[PDB]
């Protein structure tokens, strides 16, 4: 019979309560009542059971570097991208393989305590970090495979045309086994939009990897950089293989620029990720989703020299998004929930095995709340977390 049954699980997509039967790492049966009994059971008690949350953009390598003292380190100054880059170069100067590795494990545990079972982390690759951070992350990734699936982005944080050693280092990193490649700000960092982008596509083709680009530039220069990225996506036959992270520019650029760009994004299969530690309040999130653009959600940095905040909790991030974007209706909170779940899945390219349906992966979160909406509102802690059909978290403890 079953390896695991979840009793009395409210499923949002079906709007009813079901027993869930699991064998190995797969969901086999979803029924109003499953008969009769097996060794491992979890009673969800009428509360929501959800697939694992998806944190589509993190920086596990540099997380928790702000911790250590009474006040967060690094935060006696305001945030600016270039200064945050410089703090990274100091930090990476003499950080050891093991300090990074432990940060990554710490990060993952926190995430998984909150029911995130899938994440895509960017890792700094530049002339100071070299491939040291890539090494530590790949190593930790391997150790964490029973807790959390990780996609790794070889991330040229300093700029391909600013730090001229980046190209060969990204090349090593991808050969070490990073799963995607990405740059930062073609325009205001690189000062070369065509060049930075072409180089990124070249590297992606050499190693047959997907792309995740950090585009922070605000306004029309940001929309323009994404437009170029999207057009080159088509030219290079990379439809559906490119993610644009942040895209804060959609918030202040004229709405017309977005209206005109949307068919291009749909035609290029452009994917986006908005991080709840920075989503602009006038970000047209709802509009993007209603237009059928694939928009995921994410923590971004956690407790470092870019972002002091962070608990790796996508349910807390959903609440933050509702506040940033002033959402209140059940429909809208419902859309945000999709963003931390199935939209993130699609961004990650795992949609086929993702969801609470027969045949899907037994990667689940049993919550202490009645519905997506109530979970966002009441912020109750996770009751149970299940990965590969095995219970890995039970009542605030990693039991794996």
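Numbering follows the first chain given and starts at 1.
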Once average C-alpha B-factors are taken from the entry for 292-300 and 158-166, the winner is 158-166
Assert higher mean C-alpha B factor (100-108 or 304-312, deposited values) equals 100-108
Per the deposited B-factor column, the C-alpha that peaks among 212, 149, 260, 326 belongs to 260
Based on the PDB entry, the highest CA temperature factor among the options 207, 118, 276, 272 is that of 207
Assert third(CA B-factor, residue 134) within chain per record equals middle
Residue 194: C-alpha B-factor third of its chain, per the entry, is the middle
Temperature factor at the Cα of residue 217, chain-ranked in thirds, falls in the lowest
Assert third(CA B-factor, residue 228) within chain per record equals lowest
Quick tally, chain-level thirds of C-alpha B-factors: residue 332 sits in the middle
